[PDB]
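Here's the structure, in structure tokens; my notes come after.
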């Protein structure tokens with residue numbers, strides 16, 4: 027088919043480049059890490075009376091202190107989660123404590139390398155690389171609240187805020203202006219809603235958005251439909267009184 | 038025939054902005070396609086334009102053309118210029134089978 | 472490192488054919504005139520002996536191999552494919568039957584075992600399929616004398632006379648006309664030399680025919696001169712002098 | 560023609576696969592190394608290229624030992640030559656255990672030969688693009704051998720390979736004739752050094768640093784050792800005396 | 683526990699002339715305690731009859747095994763297995779895993795469909811051959827049975843009389859045990875009719 | 494054509510080696526500038542750390558393999574990790590089996606072999622990453638250059654990454670001086686920062702890009718990271 | 067080795083093989099599920115054109131995955147057996163190990179998971195099948211309806227329709243259902259399901275097979291006789307709205 | 022599949038391109054061989070040349086001694102010749118342990134042929150190019166010559182030649198054998214057997230060759246030996262002693 | 070490796086097809102004909118052997134009729150070779166059901182397995198599939214007489230009259246008309262032979278170009294006794310219908 031070991035004159039593999047193309051087509055995932063929490067928000071999107079829109083969400087829990095929101099292909103993010111749960115569970119049994127979000131990303135990225143015909147270095151069992159990129163957010167007692175962007179290529183960077191998805195070009199640009207080093211959890215969540223409203227071609231409801239948060243008295247916690255909607259209710263009125 | 042054999046970089050958006058489909062003649066259209074083709078005819082009064090359209094399952098305008106052309110032949114062979122209903126019906130049964138043949142992957 | 476080839480090398484073409492089987496068959500058509508006859512009082516198979524060189528032994532050369540004791544095979548096609556195939560056929564025939572049911576496999580059962588080898592090889596990649604066709608002529612005491620054809624793909628069909636190689640059809644015409652069942656083995660040997668003289672011109676001898684029969688017994692083919700316990704072989708390959716003697720016998 | 564430029568799993572009509580041709584070519588595209596058989600031993604010498612003063616002497620010697628009495632030097636590409644040798648070593652350790660005797664120079668030729676030949680029956684393994692000149696003293700005499708990348712190899716009286724292959728065979732062929740085979744092992748260091756000098760004349764875009772080693776049954780006692788100190792230093796002088804410039 | 687005498691069993695086969703007879707007990711026990719008077723140890727694949735005495739389990743494994751071997755052979759050759767042929771098949775299968783446990787004594791009886799001769803065979807746990815053409819016995823009381831058979835047996839018996847020998851032999855052998863009690867069957871066998879006759883014998 | 498010999502890693506071409514291999518050598522230059530320098534008693538590694546953004550946090554360009562060893566990468570990240578684990582494995586085993594730390598030389602030659610194997614394997618690839626591996630063993634101070642096709646060279650000084658030739662001119666001049674200072678850490682370190690800023694010509698230097706690692710006769714693997722590199726400029 | 071590639075990227079960030087899997091489903095027959103708030107109805111086509119089929123041994127479109135759970139499909143039968151078998155095993159695996167009746171969400175994750183594997187993993191291609199999975203969770207009276215694609219993605223849907231003329235049946239259904247007032251009675255929800263599936267089968271009232279699932283293993287397949295009656299009625303309704 | 026000469030699979034015509042090219046240009050390596058049968062010996066003459074004065078011609082080998090009694094003459098190149106030698110040697114040795122008996126020419130020929138055939142069907146190996154002539158004086162057949170050739174075809178000879186002076190060698194022996202009514206000459210001593218060989222050789226290839234340009238391998242009952250350089254000149258001078 | 074030395078024909082197509090499968094059905098449509106008529110006191114089976122001769126045996130009348138059991142048999146349309154592997158394995162799959170539960174396999178289970186193996190050859194492996202279509206002539210006490218066809222794609226459908234092979238189209242058009250919904254064996258035999266002549270070109274319909282088997286209940290034969298007609302019983306039935314012309 028297409029080479030699995032054949033590089034560009036620069037030296038960037040075809041398969042890596044193609045990995046970058048599926049990512050850009052999902053719905054935005056935006057994280058801001060603050061000093062009291064990590065906020066992860068997604069656009070879930072789609073509203074139909076023939077659709078159960080509040081039974082599907084893109085914010086899935088890995089552990090009692092770790093979530094991930096995704097953007098790109100969703101089917102691919104299931105294999106990534108199966109590997110990640112197994113690795114975290116086995117480490118909690120051996121040393122009784124939290125696994126590091128950076129550590130998790132490296133363990134996963136190792137199995138992202140298989141695709142194609144095998145090597146004599148590695149047994150390549152898959153056919154393509156993963157076509158989803160992830161924002162993995164967590165807490166550890168030795169670096170507090172953190173936010174991480176794993177690319178399926180191998181690179182994983184720590185960030186204080188980062189957006190991924192289709193609408194990331196705008197989103198990131200807004201994140202910087204809104205970002206400061208005295209930002210808190212409660213402000214950050216309101217701001218998420220501002221960003222989400224702006225870039226929508228619709229009215230922001232909780233059957234097209236979902237919030238989530240991290241506090242260290244409860245771990246990774248999903249901001250529920252009932253609370254997320256109350257937050258949406260408060261937004262619409264206050265915005266619509268600045269006009 | 039299909040547009041999946043043309044490159045999107047030969048179509049060239051911004052000059053060719055429309056790529057227009059072909060949808061099948063539906064029931065109202067069949068009545069019409071027939072209506073035009075039965076005008077040219079000399080036939081029997083037992084023909085029911087309506088009856089033949091209703092049993093036809095969403096069939097092409099080609100089928101409608103074909104049917105008239107086929108029915109005239111069944112009359113010409115029998116040495117006559119009148120075309121009875123039974124003739125239209127046989128032509129309809131034959132073309133409808135061939136279109137609607139696609140077994141074990143359409144008709145699973 | 473090492474092979475990774477597991478993709479089938481035999482594949483379907485737009486018509487429903489199999490490229491590799493089509494190719495292999497061209498080789499078989501171009502191969503050495505071989506026939507088989509059931510005389511009803513035996514089975515006689517003849518094939519062309521050839522020499523590479525006059526200074527070359529043709530004792531070593533293999534154009535007629537005994538697959539199992541009462542059974543011989545002959546072919547048209549590709550010589551190297553034939554040689555290996557005979558080997559896998561001999562092995563399974565010996566291990567799986569000769570003290571399990573206490574005797575050789577029946578002819579039809581052995582034709583199926585060959586058929587399977589060829590079909591494994593056609594299905595599976597890493598290797599191209601066998602390029603051969605066999606005429607397996609036989610005797611089994613539960614089916615009489617038989618003649619089968621084994622095709623390159625491993626399709627088989629029953630025959631009571633046939634010929635494959637070059638110049639088949641006309642060879643079958645002469646055989647069809649001269650023999651119609653209930654015939655001495657000797658007589659079928661005579662008919663067989665006649666069909667092949669008309670088929671091969673340029674130089675013809677019984678020193679370029681290699682002839683085997685299944686259709687005799689000697690005490691020597693029980694393999695002992697004592698008191699019987701079993702029947703034993705009925706395969707006997709003739710020497711060149713005996714064949715010249717039957718060429719002299721009108 | 561074609562299919563034989565990407566593969567080795569099928570046979571050329573020329574009797575010589577186009578991929579095999581490309582393997583030889585990369586050998587001539589390296590440095591010069593040579594090998595001298597003598598009346599008791601073998602002496603090996605190589606031209607080591609000096610490009611910059613950021614390189615360190617005697618840690619990028621291209622002479623690598625196998626066993627105890629075999630010194631192995633090559634022309635072509637570095638990674639191919641080291642992997643080929645690392646395999647020699649492993650077979651050598653195995654040998655020593657099993658037969659309780661050191662690995663022969665003829666044995667080692669075979670060991671290498673079979674690893675190269677294996678990669679020239681397969682399109683799924685890529686062969687080596689180095690020619691390795693090796694030898695030593697063993698229980699059955701002194702040996703110089705040269706392994707070429709086809710999986711052709713023989714014992715020689717003298718050998719060269721590389722950029723400077725031709726100039727080296729010329730200068731060697733005169734000296735060997737004059738002597739019975741190359742006289743003494745002592746003499747052979749001086750002779751070697753002359754050969755390297757003539758071989759340098761095909762480079763002249765880099766300076767060189769002379770490196771010699773020997774295996775001798777009358778002045779080393781059957782071990783492979785480097786030639787350094789006084790002996791190397793008299794050898795530089797001998798070359799520069801007769802060869803002028 | 684016992685290794686094969688939980689239920690016990692004995693099996694006798696004899697030849698007439700162009701006919702045979704195969705007879706067996708119908709005991710089922712749990713040790714010396716009799717539990718049931720019916721356990722049929724004779725199965726047939728065409729005109730081959732096969733009785734196997736010993737441990738119940740082991741008998742089953744061989745019966746289904748010969749059932750699998752006979753079925754694919756029958757289907758492929760278009761021919762049912764003959765006794766002579768069947769004897770080689772019993773031997774070969776025993777040889778295949780004699781280092782697996784077996785506590786069996788299969789006994790074959792049948793009349794050939796290719797040589798017409800009455801045919802009997804005995805088999806052992808390791809799968810030694812008994813070629814015999816008078817009588818062959820196996821089982822727990824085999825020592826006794828060989829003594830009884832060698833003296834009682836009269837050859838070339840035609841069905842009515844063959845019946846009398848095999849039944850009376852069997853009834854009187856059985857009475858020196860109670861591991862051969864709990865009813866008995868005689869099968870008197872021709873190609874043309876097979877008669878099955880229940881006997882009346884003791885119980886404990 | 495290009496496309497003819499490019500598809501799998503098992504073919505040679507008239508050039509003497511495969512196209513793909515050159516593209517692996519090319520990638521190193523894309524990734525981060527790292528200079529390597531030694532005297533004869535200590536050896537110094539200086540590396541520029543790059544990130545992507547303001548709100549991104551740095552990716553580490555020093556990965557510590559032992560408490561007497563570490564390496565810098567330049568080029569492709571994912572392979573640099575797969576290699577640093579292999580080197581960890583190699584190191585530990587040496588200590589478990591032989592009580593041995595693992596020489597720079599000794600490691601280089603094992604690493605080379607691994608590299609040939611992954612360039613004869615067809616689905617396999619060149620790593621696409623070069624490494625400067627430093628150590629002080631009982632062989633003395635060392636710098637080695639590793640290239641992802643199995644080319645291993647022992648050097649006084651060198652650079653991989655952005656304008657390697659750039660740094661190399663600097664080092665080759667100041668060479669004779671700094672290398673004879675044997676027993677003063679600080680000087681060799683100070684020469685490292687002086688060099689690296691002159692290779693640069695479309696970037697600038699700053700404190701938290703720079704990170705310095707020294708190993709030696711009396712310096713066990715120690716990183717000066719962030720703030721503490723100021724006092725070597 | 068046949069662990070090497072057989073599924074590759076698109077330059078558009080799709081996958082070629084998943085785009086081609088969906089086409090086989092479209093050419094195919096039509097399956098639909100419409101929800102009440104007491105039942106979940108599944109309609110499945112059986113459009114026997116020919117009369118030489120014997121239809122008690124002509125394959126059905128309804129499988130038990132579990133006693134309270136059904137799977138229906140549109141796509142190649144051959145592929146669908148392979149998926150159907152793995153899904154029955156998984157219901158029994160939970161039952162054995164957790165000592166608990168099966169929950170619908172986990173099964174859906176399982177069905178999704180085998181298809182997802184075969185796109186990702188080398189020397190295998192995804193199935194030629196899209197499915198609908200529905201049933202009821204234990205001790206629960208609210209309906210559950212899931213859709214899975216051979217891409218391996220998965221969703222819940224209040225109602226969904228698949229195979230040939232999916233557009234037509236969505237579009238219709240959208241006018242006859244609200245989440246705020248879905249149907250309470252079996253008769254009227256079934257009437258709606260039969261009416262949508264009439265409009266695409268063409269002639270059919272024995273060619274339409276309805277199976278209505280009420281809470282916890284009350285699963286009942288309505289018959290031809292019953293269906294012919296609803297079609298009569300529909301022919302009376304269409305001249306009350308004229 | 023692929024193609025019919027990028028991997029080994031049938032041609033359009035049912036031929037195999039690889040076996041026919043294996044016949045041709047593997048005998049044009051400056052090699053020409055003949056083998057003739059003695060009375061109680063077997064003689065081989067084969068060309069064998071060294072183009073340098075710096076190539077030790079002792080190591081140069083193309084008659085190999087497979088066992089103490091068995092010889093194998095290879096026509097074709099040293100990379101191939103050693104793949105076949107390793108196989109031959111192994112087969113010889115294995116045979117000796119297992120079957121308790123010395124390895125006949127014919128058995129070795131047959132075994133090697135079938136093996137080459139398998140490598141011919143493989144799509145990741147080649148048939149070897151070499152033509153292998155296996156010689157001894159068996160105690161189970163007398164002097165023997167059996168030759169395999171590369172296609173998996175092999176056949177026994179009483180006298181053979183290879184290289185494109187095949188016709189010349191054959192005709193001289195044929196006329197001779199038709200007259201004398203024997204295909205083996207009668208003479209005890211090996212010396213007279215080598216002289217008979219040379220007579221037919223010199224006439225047929227139309228030239229005489231030096232000591233170091235020849236290599237002569239002699240099979241005797243329970244020995245195979247190669248003639249030293251002086252020993253090969255002794256014979257060339259001995260016919261010229263007659264002249 | 071094998072990437073550019075192989076191809077992928079086991080992938081999907083821009084219609085949703087698989088290359089080799091679609092093609093496989095084509096191979097079947099020019100192979101010899103098999104016909105299945107299910108009656109309600111029997112099963113009547115007919116097959117045409119296309120081309121017969123006095124040089125072939127016509128005596129073997131199991132050539133396309135194989136018993137897989139004494140209760141299930143298939144009629145084959147396609148190759149002998151392709152057929153052989155699924156027969157042998159099906160017979161084995163039988164014995165396993167029989168051993169486990171002491172009762173013979175239903176028809177439906179055995180079909181579903183067969184189809185899964187056939188799907189398997191295109192689903193993984195890269196392999197090629199078989200090119201033979203089977204007509205299942207079979208029994209249940211749940212379903213009465215059963216008549217199936219299964220294809221290399223692995224789709225399987227229930228029938229009471231079906232054909233595969235050549236001239237499928239002609240046989241089925243006459244058959245649907247002349248069918249009686251519940252009928253005796255002898256009536257079936259009349260209907261079959263009548264259909265058969267007029268699907269065989271010119272005067273050709275003979276006993277020795279036919280293979281016939283019927284599966285009757287009997288009352289001197291056992292329930293579901295399959296009689297695979299040998300030449301002479303074909304000769305009889307042709308004369309009784311008078312259809313030999």
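Protein chains in written order, with our numbering: chain S, 27 to 269; chain B, 38 to 145; chain R, 472 to 721; chain W, 560 to 804; chain U, 683 to 886; chain Z, 494 to 726; chain V, 67 to 308; chain A, 22 to 264; chain L, 70 to 314. C-beta: ideal position from N, C-alpha, C; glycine also.
7 Å Cβ cut-off: residues of chain Z touching residue i
i                      : result
residue 619 of chain W : 646 and 647
Sequence-distant residues of its chain with Cβ nearer than 6 Å to residue i (five each side left out)
i                      : result
residue 530 of chain Z : 537, 650 and 685
residue 624 of chain Z : 564, 566 and 639
Contacts that residue i makes with chain V (C-beta to C-beta distance below 7 Å)
i                      : result
residue 177 of chain L : 123
Spatial neighbours of residue i in its chain, beta-carbon cut-off 8 Å, leaving aside the 5 residues before and after
i                      : result
residue 234 of chain A : 68, 69 and 70
residue 160 of chain L : 137 and 138
**Prompt:** Using a beta-carbon distance cut-off of less than 7 Å, what residues from the stretch 616-634 of chain R approach chain L?
**Reply:** Closer than 7 Å at the C-beta level to chain L, one finds these residues of the stretch 616-634 of chain R: 624, 625, 626, 627, 628, 629, 630, 631, 632 and 633.
**Request:** Scan the stretch 683-703 of chain W for residues whose Cβ lies nearer than 7 Å to a Cβ of chain R and list them as they occur along the chain.
**Result:** Correct list: 683 and 684.
**Message:** For the stretch 610-638 of chain W, list every residue whose C-beta sits within 8 Å of some C-beta in chain Z, in sequence order.
**Reply:** Residues passing the 8 Å Cβ filter: 611, 612, 613, 614, 615, 618, 619, 636, 637 and 638.
**Message:** If contact is defined by three or more beta carbon pairs under 8 Å, each pair taking one atom from either stretch, is the stretch 104-116 of chain L in contact with the stretch 279-291 of chain L?
**Reply:** By the Cβ test, the stretch 279-291 of chain L is in contact with the stretch 104-116 of chain L, since at least three Cβ pairs between them sit closer than 8 Å.
**Request:** Taking 8 Å as the threshold, find out whether the stretch 584-601 of chain R comes into contact with the stretch 624-637 of chain R through three or more Cβ pairs.
**Result:** By the criterion of at least three beta-carbon pairs nearer than 8 Å, the stretch 584-601 of chain R is in contact with the stretch 624-637 of chain R.
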